[PDB]
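Engineer: Pasting a structure below so you can have a look.
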Amino acid sequence: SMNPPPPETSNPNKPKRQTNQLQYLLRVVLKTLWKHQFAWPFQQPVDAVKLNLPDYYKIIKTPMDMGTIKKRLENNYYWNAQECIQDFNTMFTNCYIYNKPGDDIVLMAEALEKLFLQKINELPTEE
Ligand SMILES: CCc1nnc2scc(-c3ccccc3)n12
């Protein structure tokens, strides 16, 4: 069995910014979700080999996880906040697409997404 390469976290030719919205997405949004008791399945790419999910990457063609997002934020990968917000939403959507309602992992995603939405609701105006 085989995992795909992980999502890109480094691309020197991609133009970058460090903005107050992106700083909020690291210091508030990612940090809030990362410390949560349900974060652990989301803190790195899905290891479909060790988890015995051989169809995971047959179904999920845009993988995303908070380990990737953390690296992207810490390494200033993004131009704008929307790119990072999209990564979070991709991560939640993947979980809901792959799994069944009420599965433990879906409940975990829902708890993280509730906090994501609460924090994103107060994304600061760009300075
Ligand atoms: C985002 C994780 C995930 N998404 N779909 C499934 S079925 C099982 C898991 C899982 C549970 C614990 C640890 C690692 C993976 N997942």
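If you're wondering about the labels, chains in the structure tokens are A, B, ... by order shown, residues count from 1 in each chain, ligands from 1 in order shown.
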Mind checking which residues fall within 12 Å of range 25-32 of chain A, counting only C-alpha atoms, ignoring those fewer than 6 positions away in the same chain, and posting them as a PyMOL selection string?

Structural biologist: chain A and resi 18-19+38-39+42-43+65-76+78+80-88+111-124

Engineer: Limited to C-alpha atoms, could you put the picked residues into a file as a PDB file, in the first residue's frame?

Structural biologist:
```
ATOM      1  CA  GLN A  18       3.017  38.237   6.217  1.00  0.00           C
ATOM      2  CA  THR A  19      -0.274  40.053   7.011  1.00  0.00           C
ATOM      3  CA  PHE A  38      -9.733  16.202  19.127  1.00  0.00           C
ATOM      4  CA  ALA A  39      -6.857  17.679  17.075  1.00  0.00           C
ATOM      5  CA  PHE A  42      -5.811  16.239  11.918  1.00  0.00           C
ATOM      6  CA  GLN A  43      -2.240  17.144  12.970  1.00  0.00           C
ATOM      7  CA  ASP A  65      -4.448  18.606   7.367  1.00  0.00           C
ATOM      8  CA  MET A  66      -3.393  20.987  10.142  1.00  0.00           C
ATOM      9  CA  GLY A  67       0.242  19.807  10.071  1.00  0.00           C
ATOM     10  CA  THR A  68       0.382  21.098   6.479  1.00  0.00           C
ATOM     11  CA  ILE A  69      -1.475  24.297   7.424  1.00  0.00           C
ATOM     12  CA  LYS A  70       0.849  24.883  10.422  1.00  0.00           C
ATOM     13  CA  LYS A  71       3.904  24.515   8.145  1.00  0.00           C
ATOM     14  CA  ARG A  72       2.339  26.807   5.518  1.00  0.00           C
ATOM     15  CA  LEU A  73       1.636  29.495   8.138  1.00  0.00           C
ATOM     16  CA  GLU A  74       5.007  29.174   9.947  1.00  0.00           C
ATOM     17  CA  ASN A  75       6.882  29.218   6.595  1.00  0.00           C
ATOM     18  CA  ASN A  76       4.779  32.149   5.169  1.00  0.00           C
ATOM     19  CA  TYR A  78       0.330  32.110   1.678  1.00  0.00           C
ATOM     20  CA  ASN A  80      -3.809  35.862   1.598  1.00  0.00           C
ATOM     21  CA  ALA A  81      -6.099  34.661   4.374  1.00  0.00           C
ATOM     22  CA  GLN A  82      -8.632  33.174   1.908  1.00  0.00           C
ATOM     23  CA  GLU A  83      -6.019  30.608   0.795  1.00  0.00           C
ATOM     24  CA  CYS A  84      -5.557  29.419   4.408  1.00  0.00           C
ATOM     25  CA  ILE A  85      -9.307  29.485   5.198  1.00  0.00           C
ATOM     26  CA  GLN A  86      -9.783  27.309   2.091  1.00  0.00           C
ATOM     27  CA  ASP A  87      -7.221  24.808   3.443  1.00  0.00           C
ATOM     28  CA  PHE A  88      -9.153  24.465   6.728  1.00  0.00           C
ATOM     29  CA  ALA A 111     -16.065  20.245  17.114  1.00  0.00           C
ATOM     30  CA  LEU A 112     -12.934  21.730  15.478  1.00  0.00           C
ATOM     31  CA  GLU A 113     -15.013  23.361  12.712  1.00  0.00           C
ATOM     32  CA  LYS A 114     -17.285  25.024  15.314  1.00  0.00           C
ATOM     33  CA  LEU A 115     -14.223  26.691  16.855  1.00  0.00           C
ATOM     34  CA  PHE A 116     -12.804  27.520  13.406  1.00  0.00           C
ATOM     35  CA  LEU A 117     -16.057  29.298  12.505  1.00  0.00           C
ATOM     36  CA  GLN A 118     -16.120  31.164  15.838  1.00  0.00           C
ATOM     37  CA  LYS A 119     -12.568  32.445  15.261  1.00  0.00           C
ATOM     38  CA  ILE A 120     -12.988  33.160  11.500  1.00  0.00           C
ATOM     39  CA  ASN A 121     -16.142  35.157  12.377  1.00  0.00           C
ATOM     40  CA  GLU A 122     -13.791  37.778  13.930  1.00  0.00           C
ATOM     41  CA  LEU A 123     -11.017  37.755  11.332  1.00  0.00           C
ATOM     42  CA  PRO A 124      -9.553  41.263  11.764  1.00  0.00           C
TER      43      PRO A 124
END
```

Engineer: Show me which residues line ligand 1, defined as having an atom within 7 Å of a ligand atom where only C-alpha atoms and all ligand atoms count, and present them as a PyMOL selection string.

Structural biologist: chain A and resi 40-42+46+51+95+98-99+105

Engineer: Which one of A:102, A:61, A:9, A:16 sits closest to residue 79 in chain A if you count only C-alpha atoms?

Structural biologist: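 Ranked by minimum distance to residue 79 in chain A, first place goes to A:16.
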
Engineer: Using CA of residue 37 in chain A and CA of residue 55 in chain A as the two end points, give the distance in Å to one decimal.

Structural biologist: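 It comes out at 26.8 Å.
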
Engineer: With only C-alpha atoms as the atoms that count, which of A:2, A:22, A:59, A:107 lies nearest to residue 77 in chain A?

Structural biologist: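 Between A:2, A:22, A:59, A:107, the residue approaching residue 77 in chain A most closely is A:22.
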
Engineer: If you run DSSP over the backbone, which residues in chain A end up helix (DSSP H, G or I)? Put them as a PyMOL selection string.

Structural biologist: chain A and resi 20-34+40-42+56-59+66-74+81-98+104-120
